[PDB]
Structure formats: structure tokens, C-alpha cells
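What you see below is based on every heavy atom in this structure, not just the backbone, and it leaves out hydrogens, waters and symmetry mates. Sequence lines set the chain letters: A, B, ... in the order given, protein chains first and strands last, and positions in each chain run from 1.
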Amino acid sequence: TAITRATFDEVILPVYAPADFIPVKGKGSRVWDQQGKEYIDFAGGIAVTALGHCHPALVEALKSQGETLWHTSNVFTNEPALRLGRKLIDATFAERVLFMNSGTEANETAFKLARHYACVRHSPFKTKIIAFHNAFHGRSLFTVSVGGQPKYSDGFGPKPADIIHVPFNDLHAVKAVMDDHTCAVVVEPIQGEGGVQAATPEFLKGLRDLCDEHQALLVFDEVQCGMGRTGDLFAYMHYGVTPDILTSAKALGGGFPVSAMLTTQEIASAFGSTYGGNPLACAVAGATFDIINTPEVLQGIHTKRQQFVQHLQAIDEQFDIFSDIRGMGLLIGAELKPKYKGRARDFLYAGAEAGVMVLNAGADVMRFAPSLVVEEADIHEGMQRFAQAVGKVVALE
Amino acid sequence: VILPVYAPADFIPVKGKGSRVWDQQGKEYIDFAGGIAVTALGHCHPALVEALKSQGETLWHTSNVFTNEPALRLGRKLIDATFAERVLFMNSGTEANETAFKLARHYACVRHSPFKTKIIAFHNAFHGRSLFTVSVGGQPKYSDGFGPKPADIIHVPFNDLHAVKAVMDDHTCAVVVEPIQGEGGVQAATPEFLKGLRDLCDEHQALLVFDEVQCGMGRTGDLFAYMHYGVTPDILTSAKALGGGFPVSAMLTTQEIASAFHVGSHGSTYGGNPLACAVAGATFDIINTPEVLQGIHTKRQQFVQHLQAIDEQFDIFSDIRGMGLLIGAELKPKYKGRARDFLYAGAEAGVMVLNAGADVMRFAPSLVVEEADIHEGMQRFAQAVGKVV
Ligand SMILES: Cc1ncc(COP(=O)(O)O)c(/C=N/OCC[C@H](N)C(=O)O)c1O
Ligand SMILES: Cc1ncc(COP(=O)(O)O)c(/C=N/OCC[C@H](N)C(=O)O)c1O
Ligand SMILES: O=[N+]([O-])c1cc([N+](=O)[O-])c(O)c([N+](=O)[O-])c1
């Protein structure tokens, strides 16, 4: 009855191919497997553990609320949800906040709301949604159809219709497809899964102007780039472009399943300042928000980015593997040179062997999404491990 | 118009212990609603609090780049206790249903034909509020107004086997059914209907999908309602009681069906995280015991005897139905459309209850609700009824 890696194949649907070792415990940016091997975590559970593992403040919030009240249905509100709603409203453009569990659910509510607002405020025929190639918005049938990767939306029967995809950063293409029958433009300000590609300023500003012209809602999916990831509370604040609806998840709860959809009173009235929210989830997300939304933590994200980028540059000087280093704050993408095209997974595996956890963003890009408070010592140790992994792969060349 | 139920500003739950809840003013309520059949072991159950806190000190989240011990331990328990051979964990019943419906579609696509896409579902069904799940749900008012719905979904009346036979064909990929429709008036499938679905799915090579989000995890007095009926589905979904108040869900199926998915066919950031799975494991360990499952039947009769006594005094119910601790009490025609008013009257009297449409009262208390709480809460509900009538 020992639980091993082999156990996964006997138990879970074959939709994942997980690592050969099993993390069992973590503190900060260090993680231990069943053999007590120690890893440096630059993956963050895919940009989720924004304050690292078992952060004392988050554990305290969990325990305190866990002794008090876990659950209310959406018939009720609860103090943690009201508190978190207020902090989001005070800190952002939002006047109304709806809480869910996952990024997928938050996006379902955002896309349903944009559709419904158009239906009741303009016309039942105003249904087109513009989205972008390589976008990722979740795995429900609707959200994966708004997602821009046909490989993930093919094969589930008839897709919800009236979704049009154009290239990310192509403002002319958006202009071309938008019209009075368009209800929404949905965009990630930085495409995380899609190779860590940031919107240009002109593109994002252009989406706002086109949404205004056509009476469409601009929906920012900040599930991955939000909650401090870029070094601002939300990426829209870096750009100075205010969306009509914004979604947040991943870092919002520091690891606890929680998500949010933020909008205005005018738009939300198509459906008090908050709706939903698990008491336990919202208590934890409140503690997370209180730490991430501080000048010091947000400044540190930029300091830490440069510490990572200097190491990636040193690695490239030595080994000649990267064509581009991009992203914002502590979402970092390092694109492999053509010689190593398609081999991101080879470097991820060698990384894991060397004791560092990193991500891909497609087969050509390495992705780093560490805790926003990752200690400098852990940045240097993990990046030395990564350099060692790169060395081992390159020596085979 | 269908009116929702919302609490006013003067009713904000702040604390729960067992089957008792207190609001901001310190008013105490007996909880016969369970947050809509979620807190199946009541509020802040010591074993669940212990699981939460101990795993909370250890590991919360690693993503599905990794597997984790609590998830594999919970999957093993679900596999051992049910027809399932493989599982996927998600964060809500809606997400588990999305996974099930996508799996049934994809299985048909790759095993039979990309054209085998019809899904048969039932009027008054509830499967969640995502665009796909609400379109499979059987309340048009809830699926209207969001632009183009995912196609190839056909609705017929619950419990009408003939109608299912009439619409099913070789182009049908699935029949999706709640063994008891919870939101839809607490209506249980008849034995003939449920077995009929299994036979029709076999005939047409379609997958039978049971949504046990509300009726599963002990709610009926068996671990899953399918066990009461002795009809085994191809895919089953579970949530709510599974995590006792922690957001977690599961989709259960066989290896043969699971194998239609490949790496990257579906996924979830949070789904299967060790904190959720540690909590659901603790919940499962308590609910899946002979003693708790027996007690659910004892407790059902305690509630039903109270409901009958209320009816003898006030003449308000035409029918008392459901299974285990999912209880429906249909209002007589004289009280048609009054379920919300009885619910609000209950709250004033210090008891939290549910509706199941405008004509039906619903009860979904903790599976371990104390006999003393059943009697006190039902006395409060009788008082509320006296205020209404
Ligand atoms: C921009 C953006 N929007 C929405 C989502 C969906 O969030 P989720 O439902 O919480 O997984 C995501 C989630 N990405 O997660 C990685 C992929 C996931 N593991 C999968 O395979 O589904 C995202 O990056
Ligand atoms: C048979 C059945 N299937 C799926 C669900 C949805 O599960 P959830 O996403 O875990 O709430 C449910 C949930 N019912 O809860 C009530 C409604 C809730 N407030 C909502 O409107 O989504 C169910 O009864
Ligand atoms: O701090 N710790 O909780 C901790 C835990 C483990 N472990 O194996 O789970 C270690 O190996 C170490 N360690 O190696 O320092 C530390």
C-alpha cells in the first residue's frame, strides 16, 4: 500500500503526466519529497503560491477561520467575503466582486456577464466575443472555446458559438472583426501559457478604444498575471488601461482554491457589493492580499526579477541557449534559441533532477513564477541548480 | 419570474458549530439546510478541523505537474468503495460535471464517431451554472440570455422512460441524470426509469452519467444513490458533502472510459490539491461507516415524524419524499408558491431550511445532526408554520 509515482497511473484520469517524485511538505520556496530530497520552487504550482508554502500568516488565517465557520451558500454573505470584497473595491476600479473557486469559474461568470449585459442592454444579437490565438482561459467547454488553442477545444462536440480568434498584439485584426454585434474582447494582459507574451501598450490601449467605439466590454483575464505577479497589484495598473471586467485566481488565495470576478455596479446590475465567497477561502485570500498589496512587497518583486534575469543572462553567456527573456515582475519567460526549439521539457526534467522546479510555456519557453517573497538566497541557490541542469543538457550537445 | 432566496443585511452567519449557526447579532439557528447539502458533517467538525489544520501546516498546493499523497489516498478510497477505477478531482460540482460531459463527448468522438454528440437530460435538472452545465440543466430561464448555447442537448421529462427511448439513437453520446432531482422538487427516479436508462445506454452505446453532487456522499443513506438503486453508471460526479464545506469535487469512471482522455485533454490549477484531498479524506472516513449510514435513516424518520405532526396540526403538505437526509415536503395547493415564505418564517423562528422550487420545502441537515437538534429545530419550524398559516 505504499503511495508511489506508479500509484498515480492506477488512480487518476490520464490527463496529467506528473513528475517522478512526490512533494509532501513545503516551507517558503523549499519543498521536500517522500525521500526528503530538497527542491527550490520557482514554479509556484503554476504561479499560485505567491507567498510560498505554508506562509505563517496564511496558515494563521486558515486555522482561525477553520475554527469559526467554513461555509455559507450564496444565499448569504459572510465576514471574510465582505472584507475581501472591500479590499478589492478600495484597491481597484471594481465596485462589485463575485467570488468563485477556480479561474475557469471566474471566467465563466465574466463571459456570461459580458454576454448577458449585451443581451439586455443592447440586443440579443450582440454576441460576438473576440479572443486571441494562444489564449488560455480555463477548461470548461465555454472558457476553452474562448481560449485560443484548438487542440484543447476540439473533440467535445458542438462548441458555444460566436467566438472569433485573432493574433495576440494585432490591433488591426481586432479592428477588422469588431462591430456593433460584438459584446466583448477577452484578453490576458500577459499571455502566460502562450509563451509569456506581454501586450504592447498601443495594443492594450487600442482594445479599450475599440470596446468604447462598439459598446463592447473589455475583459481582462488576470488569473495568472494578477495579484502582484507583475509588480503591480494587477497588470492593468502597469498599463494604465482600465477594463470593464477583470478576473483573478491563482495567487489570490496563495494556494487556497479561490477566484474573483471584478466589475462595476452598472455592469453587474445586468444580473450589496459582493456575491458568494467561501468563508475559509476569503479569510485566506484576505491575509494574502494584505501582504501582497504593500509597497515593500511590490518593490521587492522588481528587485527579485532582476536577480533572476541576471542569472538567466549569465546562463546564456555561458551556454548560448536563450533568444529572449521576457514577462513582467515575477512572471519570467526565457525563450530557447532555434537549436533548442521544442526542448523546454528536457530542461525542466534536468532542472528537477538538479533540485529546482521550473515551468514551460509551450515547448520553446522556460517559465518562472516563484513566490513573490522568494528569499534572495533561494533565488541564487535555485538558479545555480538550474545552471547545473543547463550544463548537463548542453554537455550532451 | 423565479425569485431567488437571499438573506437580508441583518442575517450574516459568523460562527457555526455542529448543526448550530450564529449571526452577527448572536441569534442562534438550527441548521437544517447545510449550506445547500454541503456541510454534511455540520460546522467545524473536530475531525475535519484537525485534517485542515494538520495538512495546512504541511502542504497546500503543488499543481498537477506533480501528484500528491492526500489525493492518491482519497482516490484509492473512492475506487475501493465504488464502481470507479479512475478519478479526477476538481473544485466544484459544476467543474466535475463539465469534466464528465466533456469526457462522455470525447469518448464518443474517439471510440465511435465525431457525429455521436447528442446528450439527453431532464426538465428541472440542475447541473451547475457554467454555460455548458446550465445548458444541460433543465431550466430554460437559467440558460437563456448568454448567447449561443452549446448544441446537441435534448430535454425530456424526468421519470419518463418512453420519452428517453423516443429521442435516443446511435448519435447519442450520453444520458445525464440526477438519481434524485434535488433542486427540481426532490423527485426520486423510479426503479424502472433508472434501470431503463442503463438499458438504453447499453443499447445505443451511450454513457450513463449520474450527477450525484447533491445526492451522493451519504446523503441518501448509502454512500452513493446508485447503490440504493443497484444501477451502475458509466460516469459519476460528486461534490458538496465530499469536502464537508471545503471546495472539492470528483468525477468517477472506469479505466476503459478514462483512457479516451490523453495528457492535456483536461486539467485544473487547483483540482486535486493536497489540502482539499486531506479534508475530503477525513470526511469520507466518517461518512463511509455502517454506523453513520444507519443513523441517516434513523434521523430521516425523526424528521419525517415531525413533518407529519406539523401536517396533522396545520394541513400544509401533500407529500413527503426524498431519500436519507435529503427531504422534500411539497406544499398543498392552498400554499402553492409559498415555499419562500415558510423559509423566511423559519429563519425568524431560528431554523434554517431550503426550498426546491416555489412549492416544495427541502431539508438537507448534517448527516450526524444530533437528535436534540432535530427536535428543537423541528419545534422551531412548527412555530414558523403557525406564523404563516
Ligand atoms: C490566464 C488563465 N486564465 C484562466 C485559467 C484557468 O484557471 P483554473 O481554472 O483555476 O485552472 C488559467 C489557468 N492556467 O493553468 C495552467 C493550465 C491548467 N493546469 C490546465 O491544464 O487546465 C490561466 O492561466
Ligand atoms: C445536482 C447538482 N449538480 C451540480 C450542482 C452544482 O455544484 P457546485 O458547483 O458544487 O455548486 C448542484 C448544486 N446545487 O446547489 C445550488 C445552487 C448554487 N447556489 C448555484 O446556483 O450554483 C447540484 O445540486
Ligand atoms: O523544515 N522542514 O519542515 C523540513 C522537512 C523535511 N522533510 O523531509 O519533509 C526536510 O527534509 C527538511 N530538511 O531537510 O531541512 C526540513
For [X] against [Y], the heavy-atom pair lying closest together:
X        : Y        : result
B:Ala280 : B:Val248 : CB-CG1, 4.1 Å
B:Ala174 : B:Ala206 : N-CB, 3.9 Å
A:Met100 : A:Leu98  : CG-CD2, 3.4 Å

Most chain B-contacting option - heavy-atom pairs closer than 4.5 Å, from [options]:
options                              : result
A:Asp41, A:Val120, A:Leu58           : A:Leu58
A:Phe111, A:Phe125, A:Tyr275         : A:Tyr275
A:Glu108, A:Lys25, A:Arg139          : A:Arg139
A:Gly255, A:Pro257, A:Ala47, A:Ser73 : A:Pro257
A:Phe142, A:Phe8, A:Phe256           : A:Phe256
A:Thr7, A:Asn74, A:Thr127, A:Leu13   : A:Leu13

Distance-only polar pair, side chains of [X] and [Y], donor-acceptor under 3.5 Å:
X        : Y        : result
A:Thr72  : A:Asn78  : yes
A:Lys126 : A:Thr182 : no
A:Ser102 : B:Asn91  : no
B:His61  : B:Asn273 : no
A:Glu193 : A:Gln149 : no

Taking every non-hydrogen pair under 4.5 Å, which of [options] racks up the most with chain A?
options                              : answer
B:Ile36, B:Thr39, B:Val38            : B:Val38
B:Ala258, B:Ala33, B:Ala108          : B:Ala258
B:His106, B:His266, B:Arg73          : B:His266
B:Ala260, B:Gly75, B:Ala151          : B:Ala151
B:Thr67, B:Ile12, B:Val87            : B:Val87
B:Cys109, B:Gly56, B:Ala104, B:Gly34 : B:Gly56

With a 4.5 angstrom heavy-atom cut-off, could you sort out which part of [X] is near chain B: side chain, backbone, both or neither?
X        : result
A:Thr4   : backbone
A:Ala61  : neither
A:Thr1   : both
A:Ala281 : neither

Any donor-acceptor pair under 3.5 Å from [X] side chain to [Y] backbone:
X        : Y        : answer
A:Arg367 : A:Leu359 : no
A:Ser64  : A:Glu60  : no
B:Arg105 : B:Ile119 : no

Pair B:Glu57 + A:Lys63, salt bridge at N-O below 4.0 Å: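 Looking at B:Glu57 and A:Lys63, the cut-off is met.
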
Would you call the rings of A:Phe271 and B:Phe146 parallel, tilted or perpendicular, where under 30° means parallel and over 60° means perpendicular?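 Perpendicular: the ring planes of A:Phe271 and B:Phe146 meet at over 60°.
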
Given heavy-atom pairs under 4.5 angstrom as the criterion, report whether the side chain, backbone, both or neither of [X] touches chain A.
X        : result
B:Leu52  : both
B:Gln24  : side chain
B:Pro13  : both
B:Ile79  : side chain
B:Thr253 : side chain

